[PDB]
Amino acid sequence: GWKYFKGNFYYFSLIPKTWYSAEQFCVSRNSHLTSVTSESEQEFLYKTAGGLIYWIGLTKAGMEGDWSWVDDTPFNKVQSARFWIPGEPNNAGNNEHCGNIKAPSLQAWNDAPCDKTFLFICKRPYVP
């Protein structure tokens, strides 16, 4: 049930997991929790999410708590600033070090506690 989009396959999970357990699942399937690197991809993901919440590859890295992509795509603070839900990231409770797609909109992302369970999206490149 992997969905194809611009050179990548995506797995929208049917079972919810914590952020890290999700990532481990993706890694077991030769993939990673999805990065988002274009408006086109953001649109594909939130539309396919159909109004439900899915973990994506967003997580904090380094001392400063800068956001990063688990698949090692460099995180672009400028190009991504538009992809957060208004008021996010807010580090609510000072325990929100992972990110998910939450709203069906270009402003889709929320930071939430990594230990919360949600559905999740894996991304795997097509390699011919």
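The numbering used is simple: start at 1 and walk along the sequence shown.
- For the pair 73 to 81 and 26 to 34, the mean Cα B-factor is higher in 73 to 81.
- On average the C-alpha atoms of 89 to 97 have higher B-factors than those of the other stretch, with 89 to 97 and 49 to 57 being the two compared.
- When the CA B factors of the chain's modelled residues are split into thirds, the value for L14 lands in the highest one.
- Per-chain ranking of the deposited C-alpha B factor places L106 in the highest third.
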